[PDB]
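Chemist: My questions all concern the structure below.
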Amino acid sequence: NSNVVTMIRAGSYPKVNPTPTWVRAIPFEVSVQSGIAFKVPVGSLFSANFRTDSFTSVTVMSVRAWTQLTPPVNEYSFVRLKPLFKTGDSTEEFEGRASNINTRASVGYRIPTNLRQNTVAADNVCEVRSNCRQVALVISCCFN
Amino acid sequence: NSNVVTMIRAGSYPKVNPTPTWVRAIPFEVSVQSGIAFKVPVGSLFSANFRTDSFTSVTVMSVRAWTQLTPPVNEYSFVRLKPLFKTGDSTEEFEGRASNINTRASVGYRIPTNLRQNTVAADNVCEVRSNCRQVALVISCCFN
Amino acid sequence: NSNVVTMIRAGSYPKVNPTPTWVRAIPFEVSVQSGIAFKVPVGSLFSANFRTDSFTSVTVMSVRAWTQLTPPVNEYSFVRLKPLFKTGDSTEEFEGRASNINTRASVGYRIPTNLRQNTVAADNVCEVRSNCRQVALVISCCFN
Amino acid sequence: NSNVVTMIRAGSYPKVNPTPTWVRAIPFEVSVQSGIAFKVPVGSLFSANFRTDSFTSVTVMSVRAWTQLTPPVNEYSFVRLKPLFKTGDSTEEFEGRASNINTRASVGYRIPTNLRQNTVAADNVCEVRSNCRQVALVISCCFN
Amino acid sequence: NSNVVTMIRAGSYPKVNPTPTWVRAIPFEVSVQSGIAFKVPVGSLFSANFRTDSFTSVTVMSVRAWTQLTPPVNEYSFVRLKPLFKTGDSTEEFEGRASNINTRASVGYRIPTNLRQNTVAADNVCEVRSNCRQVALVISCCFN
Amino acid sequence: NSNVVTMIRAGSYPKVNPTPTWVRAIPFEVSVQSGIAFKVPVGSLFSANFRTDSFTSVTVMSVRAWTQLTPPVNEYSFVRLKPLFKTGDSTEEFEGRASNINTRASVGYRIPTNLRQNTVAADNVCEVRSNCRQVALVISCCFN
Amino acid sequence: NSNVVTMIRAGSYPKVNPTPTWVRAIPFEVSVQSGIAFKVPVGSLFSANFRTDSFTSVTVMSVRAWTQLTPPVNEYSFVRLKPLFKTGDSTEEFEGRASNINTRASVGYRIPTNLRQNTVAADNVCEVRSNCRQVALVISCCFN
RNA sequence: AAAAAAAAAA
RNA sequence: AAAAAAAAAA
RNA sequence: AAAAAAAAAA
RNA sequence: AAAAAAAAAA
RNA sequence: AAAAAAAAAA
RNA sequence: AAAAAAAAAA
RNA sequence: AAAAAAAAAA
RNA sequence: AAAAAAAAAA
RNA sequence: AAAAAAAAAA
RNA sequence: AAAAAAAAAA
RNA sequence: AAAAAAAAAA
RNA sequence: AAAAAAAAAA
RNA sequence: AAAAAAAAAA
RNA sequence: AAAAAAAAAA
Ligand SMILES: [Mg+2]
Ligand SMILES: [Mg+2]
Ligand code: NA
Ligand code: NA
Ligand code: NA
Ligand code: NA
Ligand code: NA
Ligand code: NA
Ligand code: NA
Ligand code: NA
């Protein structure tokens, strides 16, 4: 290969876009209480911490969740996810449980193409339930 | 295809990175004076305007340039690029000229793999010369 | 095949969901007046009568309609459907007529993938018009 | 694919059924005492919690069980299942044990086709024994 | 081929629809100011001028834009499009520029299937920016 | 497929037409008297009710007719069509009869290419005769 | 194909015939009384109503008949045909009956080649019997 | 797709 | 499955 | 026979 | 990849 | 190995 | 998929 | 030689 | 014979 | 893809 | 059509 | 040449 | 390369 | 079926 | 032998 700078025979000025879309897997944590659903805000996906503070909308594709702290004494970890949508919330409670008390529980869900519209900060993605006090989410999404 | 949310059988917690790299084509303009080289600052590539203000380093791959305003009376536009590097500046002056007085001049250069290291805001990419008072750059680069 | 109970060598606790989705064809009737459109409520789809009272959202895929009582004297039955959507109602009036005075008129429409989002009880599916005083609907849908 | 509503050329009124059957995997927990068999009631399978309160009968295909709390000090978990049938109970004691003290024990059994009749709320499915104070069941069944 | 009228052996009365959908490419112009975004109203698509005044909804598929008057002295034309959506506006600024001062700038964007829902008159399609005082749009859409 | 907006690399301004042609099947009814031919006006094809009020001309391709009310006591329905043309009316009487007293009679005719010129509101399409007091027409045509 | 008038290189004067033969299916009705045979006159085939008044002879090929009004109360329609010939009448009584009280009875017969000679107005085709007061005939014939 | 009648054609 | 009209596309 | 949803399986 | 249940389809 | 997004290329 | 034990079978 | 039940196995 | 740099070419 | 100039190489 | 980056997948 | 919408058709 | 119009031709 | 003139076209 | 119109037909 070349070891020196070389000319490019540029043509006409191209189509450009200073502010493109970005497909991402975004990791963050939420706090969860015993017996109580936590509504996960879409606003958590927009942050300098993820290089996403310039976006104000996102299309979520899938949500995965893991318990992030240990469960109560004698118990195995569990985590549940209930999808939420502006056009009508679901009542599914997708659940994983650990089979070793020292191991994370995990579960996820995929949003079908027909429900992949945009969401903004004030929207919620899902409800999380767990016997652990924190849950770690990884959300696959398209910032736009 | 599915019209409903469906379960994902998530496993162990994955490797994650909240602050990934990003390959980009960044468009911006510089002002140019008659007979004078303008040193293009790398700092212009880091901006909320490009969603890149969270980066402090970038690896430039190629630089393309177009004249952005009309040339002086009786003249055809030209633009020249001289690559700059922290380990030693080049003396190449890659040049394009217009063949229609109403048309942009354009030129570019490719940086070879052996010279693709990082640059930071206080570094310069290249010198630009032109008979036009503004030049439009599109820089292909890897933010990291 | 086996005539006795046999062991299953179960492994780890599986992903579970006590409240799954359900794809359905739901039959119900609506009352219709001469010259007047009836807005069919989505709420009619959630009922112990269909085993669906535990759902609060549904994604409608298609709607079929039949006249359910006889037409006025000297007339053949007709039925019309006009699709309604939260993002903008249609002005199509899909229509079937009977060709025997003793026979039901029927028609349907399919909702395209891009318009398959959720609806809730307060939403409406379509407008129905007919010269018959009842219309029988079968709605293909995905409870979630 | 289509982006708009389209006509369906419906024919005669179809065979319909507002209250269909449903094949399911139903997850629930039972309490278990040291040295004592717990009889698992079929009635637990009919609940708003599983969207199954409209059913009166169910045909069980298989039963799987996991210990759901930790075992006594110094011990590995175990779980046993004894199938019960209205025409004559079994005396099999299908058993799984854990091989790591921190891990669930599990086991299951399949009901052969010749014994897949209906059961109702009054009936029992099986006896459960364990050294753990709760057992998690997942029962594969056909509600009808 | 036949030079005379011939009989058609018609059967039963067909499904009919007096008010069908229509796929279209709609051309219209908007006024644009220096430094200021113009929100393009969906209402502009419904007009006797396009034979579309009987519709009240439309599904937009793509948007293309051209500058429609000359640019300021010394400049090349440019046009930018920012997609807008009821579920969350984008922050993309898709841009084209002219490479001859006497030529139109152009650019477009495609709306993905998952974002193709209906819009009505009070909704907006996109924001337009330009250095030219008028922009000509051609919008590909499905009236329904 | 893409889940986000994407750029279109538009070129020059295309040929456009804000008022295109439209191929249609137009359903409407006419009143018919015993023993008397009804001249069907072309003007009935231009209406807001069909989204066609912006047109001044139409090219008719074929005409189909069904009786639309019941026949007199003891009789089977019949319908006849006689094609009319500005260059010379036909004397054909294409006829269908019902073979069940409760069923519609139907018939149609095709216009050959050599006779497919435009017609305007003032013109007539055909004469209709029937023993029923209304006839339902579906006219296949090209609005231009 | 050609869009203009073109010369034909005509030769000698051809054989001509101002008054050709014509193969036809002629529809007409006859009145019928209970228990009485109606002799169908060949003369009915020659009429301005069929464009056949310039003919004085016809060769009949086949005869089909349908009841044309409803039958008496409690009855199904029937129609019978007895072929008549100048060289000797038949005694066949070809018969059709309806299987739905609302439907026409129908039947026909074919005349063999050896019996296809001419008939004139004063000749009869066949005898018709029915329980209905009118019978519709369609006669396939060669006017000459 | 084959036949008959009127027409047109290589 | 072929054709026409409106659109989109390599 | 192919697709979707719930389940079951190599 | 095969089977069962609900649906949809050539 | 196939798909999507940003870039680059024959 | 092959073997052993109990059963059933062409 | 094929199936079922208990076991054993690549 | 293949690669890189400057040039030239279908 | 082929040739020339500088270089590098099996 | 091939490569790189972010994601998703058998 | 392939897809979508309206129509027409074997 | 195929079609139409005028001409010419085996 | 080939050529020329006017036109239309992939 | 192919097409059009009326008819008849598998
Ligand atoms: Mg009937
Ligand atoms: Mg371990
Ligand atoms: Na940022
Ligand atoms: Na930023
Ligand atoms: Na219920
Ligand atoms: Na209930
Ligand atoms: Na319920
Ligand atoms: Na109009
Ligand atoms: Na209109
Ligand atoms: Na006459």
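Ordering of the structure tokens sets the chain letters (A, B, ...); residue numbers start at 1 within each chain; ligands are numbered from 1 in the order shown.
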What's around residue 10 of chain I at 12 Å? Count only C-alpha atoms (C1' of nucleotides), leave out sequence neighbours fewer than 6 positions away in its own chain, and write the answer as a PyMOL selection string.

Modeler: chain R and resi 1-3

Chemist: Kindly compile the residues surrounding ligand 9 within 9 Å, counting only C-alpha atoms (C1' of nucleotides) and all ligand atoms, and format them as a list in words.

Modeler: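 Sorted by chain and then by number, the residues are residues 47, 48, 51, 52, 53, 54 and 55 of chain E; 47, 48, 49, 50, 51, 52, 53 and 54 of chain F.
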
Chemist: Print the selection's residues with N, CA and C atoms to a file, as a short mmCIF file (atom, residue, chain, number, x, y, z; two decimals), in the first residue's frame.

Modeler:
```cif
data_model
loop_
_atom_site.label_atom_id
_atom_site.label_comp_id
_atom_site.auth_asym_id
_atom_site.auth_seq_id
_atom_site.Cartn_x
_atom_site.Cartn_y
_atom_site.Cartn_z
N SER E 47 -55.51 19.66 -2.31
CA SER E 47 -55.90 20.82 -3.11
C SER E 47 -56.59 20.38 -4.38
N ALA E 48 -57.58 21.16 -4.82
CA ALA E 48 -58.15 20.96 -6.15
C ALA E 48 -57.08 21.06 -7.23
N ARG E 51 -56.03 17.62 -7.70
CA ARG E 51 -57.13 16.68 -7.70
C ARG E 51 -57.24 15.90 -6.40
N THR E 52 -56.77 16.49 -5.29
CA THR E 52 -56.69 15.76 -4.00
C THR E 52 -57.50 16.39 -2.86
N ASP E 53 -58.38 17.33 -3.18
CA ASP E 53 -59.18 17.99 -2.13
C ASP E 53 -60.22 17.08 -1.45
N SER E 54 -60.53 15.92 -2.04
CA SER E 54 -61.43 14.95 -1.38
C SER E 54 -60.75 14.07 -0.33
N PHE E 55 -59.42 14.14 -0.23
CA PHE E 55 -58.71 13.41 0.80
C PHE E 55 -58.46 14.29 2.01
N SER F 47 -67.74 13.80 -10.21
CA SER F 47 -68.34 14.10 -8.91
C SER F 47 -67.29 14.06 -7.82
N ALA F 48 -67.43 14.95 -6.84
CA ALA F 48 -66.66 14.82 -5.61
C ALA F 48 -66.85 13.44 -4.97
N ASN F 49 -68.01 12.84 -5.19
CA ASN F 49 -68.28 11.52 -4.63
C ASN F 49 -67.38 10.43 -5.15
N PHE F 50 -66.70 10.68 -6.27
CA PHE F 50 -65.78 9.73 -6.85
C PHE F 50 -64.38 10.29 -6.88
N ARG F 51 -64.17 11.46 -6.28
CA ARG F 51 -62.90 12.18 -6.38
C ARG F 51 -62.56 12.65 -7.82
N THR F 52 -63.59 12.87 -8.66
CA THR F 52 -63.36 13.14 -10.09
C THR F 52 -63.90 14.49 -10.56
N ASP F 53 -64.26 15.37 -9.63
CA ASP F 53 -64.84 16.65 -10.02
C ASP F 53 -63.86 17.58 -10.74
N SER F 54 -62.55 17.34 -10.61
CA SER F 54 -61.55 18.17 -11.30
C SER F 54 -61.38 17.82 -12.79
#
```

Chemist: With only C-alpha atoms (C1' of nucleotides) and all ligand atoms counted, collect every polymer residue having an atom within 8 Å of ligand 1; state the result as a VMD selection string.

Modeler: (chain C and resid 100 102) or (chain F and resid 100 102) or (chain G and resid 100)

Chemist: Store the residues picked out above, limited to C-alpha atoms, as a CSV table (one decimal), in the first residue's frame.

Modeler:
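Written output follows (again.csv):
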```csv
chain,number,residue,atom,x,y,z
C,100,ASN,CA,-79.6,-12.4,-4.2
C,102,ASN,CA,-81.9,-13.4,0.5
F,100,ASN,CA,-83.6,-17.0,-10.0
F,102,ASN,CA,-84.3,-13.3,-6.2
G,100,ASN,CA,-85.5,-24.4,-6.6
```

Chemist: With only C-alpha atoms (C1' of nucleotides) as the counted atoms, please give the residues lying no more than 9 Å from residue 132 of chain E, apart from itself and same-chain residues fewer than 3 positions off, as a list in words.

Modeler: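 Residues near the query, excluding close chain neighbours: residues 31, 32, 33, 34, 67, 68, 69, 70, 71, 72, 77, 78, 79, 129 and 135 of chain E.
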
Chemist: With C-alpha atoms retained, could you export that selection as a JSON list (two decimals), in the first residue's frame?

Modeler:
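The resulting file, out.json, is shown below:
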```json
[["chain", "number", "residue", "atom", "x", "y", "z"],
["E", 31, "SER", "CA", -41.19, 30.51, 0.45],
["E", 32, "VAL", "CA", -38.00, 30.42, 2.47],
["E", 33, "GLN", "CA", -36.17, 33.20, 4.40],
["E", 34, "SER", "CA", -32.46, 33.67, 5.05],
["E", 67, "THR", "CA", -33.98, 25.53, -5.00],
["E", 68, "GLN", "CA", -36.41, 27.45, -7.20],
["E", 69, "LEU", "CA", -34.90, 30.95, -7.45],
["E", 70, "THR", "CA", -31.30, 32.11, -7.84],
["E", 71, "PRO", "CA", -28.97, 32.42, -4.82],
["E", 72, "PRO", "CA", -27.41, 35.60, -3.40],
["E", 77, "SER", "CA", -27.42, 27.51, -3.96],
["E", 78, "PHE", "CA", -28.05, 25.14, -1.06],
["E", 79, "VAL", "CA", -31.11, 23.40, 0.34],
["E", 129, "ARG", "CA", -33.67, 25.89, 4.82],
["E", 135, "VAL", "CA", -37.82, 25.90, -2.79]]
```

Chemist: Neighbours of segment 5-9 of chain J within 10 Å (only C-alpha atoms (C1' of nucleotides); same-chain residues fewer than 6 positions away dropped), as a list in words?

Modeler: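 My list of contacting residues is residues 2, 3, 4, 5 and 6 of chain B; 20, 21, 22, 23, 24, 142 and 143 of chain C; 22, 23, 24, 25, 61, 62, 140, 141 and 142 of chain D; 1, 2, 3, 4, 5, 6 and 7 of chain K.
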
Chemist: If we count only C-alpha atoms, which residues of chain A reach to within 8 Å of chain D? Please list them as a VMD selection string.

Modeler: chain A and resid 74 to 76 99 to 102

Chemist: Since we have the selection now, will you write its residues out, keeping C-alpha atoms, as a compact mmCIF listing (two decimals), in the first residue's frame?

Modeler:
```
# COMPACT_ATOMS: atom_id res chain seq x y z
CA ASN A 74 -32.64 -17.54 50.14
CA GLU A 75 -33.84 -16.33 46.73
CA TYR A 76 -32.84 -16.56 43.06
CA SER A 99 -30.72 -20.85 38.31
CA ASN A 100 -27.70 -20.11 40.53
CA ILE A 101 -28.22 -17.69 43.46
CA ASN A 102 -24.93 -15.99 42.58
```

Chemist: By how many Å are atom CA of residue 73 of chain G and atom CA of residue 130 of chain G apart?

Modeler: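 Separation of atom CA of residue 73 of chain G and atom CA of residue 130 of chain G: 14.1 Å.
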
Chemist: Run DSSP on the backbone and give me the residues of segment 37-119 of chain C it puts in strand (DSSP E), as a ChimeraX atom specification.

Modeler: /C:38-41,58-67,78-83,94-97,106-110,118-119

Chemist: Assign secondary structure with DSSP using the backbone only, and return the residues of chain A in helix (DSSP H, G or I) as a PyMOL selection string.

Modeler: chain A and resi 42-45+48-50+113-115
